[PDB]
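Chains as they are written, first to last, in this note's numbering: chain L, 1 to 74; chain P, 1 to 74; chain W, 1 to 74; chain D, 1 to 81; chain U, 1 to 81; chain E, 1 to 81.
Heads up, the beta-carbon is just placed ideally off N, CA and C, and yes, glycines get one too.
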């Protein structure tokens, strides 16, 4: 009970770290895929990715998780 | 108990949103990295990524999670 | 109780599969974005992405989750 | 006069449990087949992609019916008592 | 002599419950407004990005106060008893 | 004749608790060291990558032994009683 809630609280903390990391990962990727995309764009005019939604949804889920912790003294 | 299960059910709903978002994110990325890869491929023959497994595994985990909800009236 | 812990244990197993998959996904992406980045690099000198942190954090969260399972006989 | 009633009751308890045991084995078979066919369908939707499916969970019910069967066992009336 | 006391007590129980009912409806209003304004703020921080906010949870407390109000109902003294 | 037995028992209860207290502090030390060395190893496997490790959990057991020690305290026999 207090053991069940404690093990659930630990899990939560680890689920947010993972999504946190996932979100940090999606940022670097879009920054790079897009940096290189535009680079290849610059090269092509001489012969002449948007993860907003997903990242925000993950940020919202982390928020929701944080709101799921059980207050053991309760 | 009913409080513990309720807080666990909330968490679940938020874990699926996050994986949902992760899966949507992996799709856009592969579509782009591959669109640009083939673009750079077209350019190279003038001087002349597959996330199936992972996305499906995430879709399977979401399914499993949905199957983990506790029926409070039970 | 035993039903609550069992449903929590199932969830855990599915949360690790998902992060597992996410981590496998971040690897392929970096390998590709970087393979193509360097390819476009080779092409540019003829007219002449690092997900370490995030992937490891996700691997750490999976570890933490595995440590959250409830021993039903206890 | 109390024997005859008690006797007709006991006989009845035997048949009721027999009936609830049948009901529970039937639930078992239905949950398995329905879920097995649900996976077959969700698998197909997946390959076709490479409109949702639901699975059944009758554990609570099969457990209550199992409890009831054991409760009934307690009602048997020893005729010597 | 025991009637007068009992009478003054009952009257008192009525006012205490009245007071705890008010306290609980006040907690209700505060949790809602505070949380509603917290979302307004967390939403703004989000659009400005496109320094954290916390939400209130008074369920435990509102539940204890609700239990206390019902416990008090039990203390009423029937004068005929 | 009942004093001597009771006396030899009490003495015994003191030594048993003494023994279970030692066992529990030993479990404490083992869980910590084993887990600390497990992290050292899982850390190494990580840097070498930049074949799994397990951690110990003896909370249940240390808790049962702690309960037993307190139960034994209850068995002490007051000689005057």
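Between the alpha carbons of residue 15 of chain D and residue 64 of chain P lies a gap of roughly 40 Å. Your pair residue 65 of chain E and residue 24 of chain E checks out as a contact, with CB atoms roughly 5 Å apart and the cut at 8 Å. About 6 Å separates the CB atoms of residue 56 of chain D and residue 35 of chain D; that is less than 8 Å, so the two are in contact. For residue 38 of chain W, no chain L residue has a C-beta closer than 8 Å to its own C-beta; the minimum C-beta separation is roughly 10 Å.
Put simply, the backbone Cα of residue 66 of chain P is about 7 Å away from that of residue 12 of chain P.
The beta-carbon separation of residue 29 of chain U and residue 79 of chain U, rounded to 37 Å, does not stay under the 8 Å limit for a contact. Judged by beta-carbon spacing, residue 44 of chain L lies within the 9 Å limit of residue 39 of chain P, meaning their Cβ atoms are closer than that value. Residue-level contact by beta carbon holds for residue 56 of chain P and chain D, with a gap shorter than 9 Å. Between residue 76 of chain E and chain W, the shortest Cβ-Cβ separation is not below 9 Å.
Residues of the region 9-34 of chain W with a C-beta less than 8 Å from any C-beta of chain P: 10, 11, 13, 14, 15, 17, 18, 20, 21, 22, 24, 25, 28, 29, 32 and 33, listed in chain order. A residue is called buried once 16 or more other Cβ atoms fall within 10 Å of its Cβ, and residue 54 of chain P is buried on that count. Following the DSSP letters along the chain, one finds residue 65 of chain D inside the alpha helix (DSSP H) bounded by residues 59-75. For residue 38 of chain L, the secondary structure class from DSSP, reduced to helix, strand or coil, is helix.
Distance between residue 62 of chain W and residue 7 of chain E, taken at the CA atoms: about 55 Å.
Here residue 75 of chain E has 13 as same chain residues with Cβ atoms under 7 Å from its own Cβ, once five neighbours each way along the sequence are excluded. Here DSSP, grouped into helix, strand and coil, assigns residue 30 of chain W to helix. Within chain L, the C-beta atoms nearer than 9 Å to that of residue 44 of chain W come from 39 and 43, in chain order.
With its beta carbon less than 9 Å from one in chain W, residue 64 of chain P belongs to the interface.
Nearest in C-alpha terms to residue 56 of chain P, of all of W/51, W/25, W/60 and W/30, is W/25. Between the beta-carbon of residue 58 of chain U and that of residue 17 of chain U there is about 19 Å, and that puts the pair past the 8 Å contact cut. The DSSP-derived three-state label of residue 23 of chain U is helix. Residue 70 of chain P places its beta carbon 9 Å or farther from that of residue 10 of chain P. Burial is judged here by how many other beta carbons sit within 10 angstroms of a residue's own beta carbon; residue 21 of chain W has at least 16 and is buried.
Counting of Cβ neighbours within 10 angstroms places residue 33 of chain D among the exposed residues, the total staying below 16. The residues 65, 68, 69 and 72, in chain order, have a CB closer than 8 Å to that of residue 20 of chain U in the same chain once the five nearest residues on each side in sequence are set aside. The CB of residue 5 of chain L comes closer than 7 Å to the CB of 4 in chain P, given here in chain order. In the three-state reduction of the DSSP assignment, residue 49 of chain U falls in the coil class, being assigned neither a helical nor a strand state.
In the three-state reduction of the DSSP assignment, residue 73 of chain L falls in the coil class, being assigned neither a helical nor a strand state.
Within the same chain, no Cβ atom closer than 6 Å to the Cβ of residue 50 of chain E is found once the five residues on either side in sequence are excluded.
The beta carbon of residue 1 of chain W falls within 9 Å of a beta carbon belonging to chain P, placing the residue at that interface. Secondary structure at residue 9 of chain P: helix, using DSSP grouped into helix, strand and coil.
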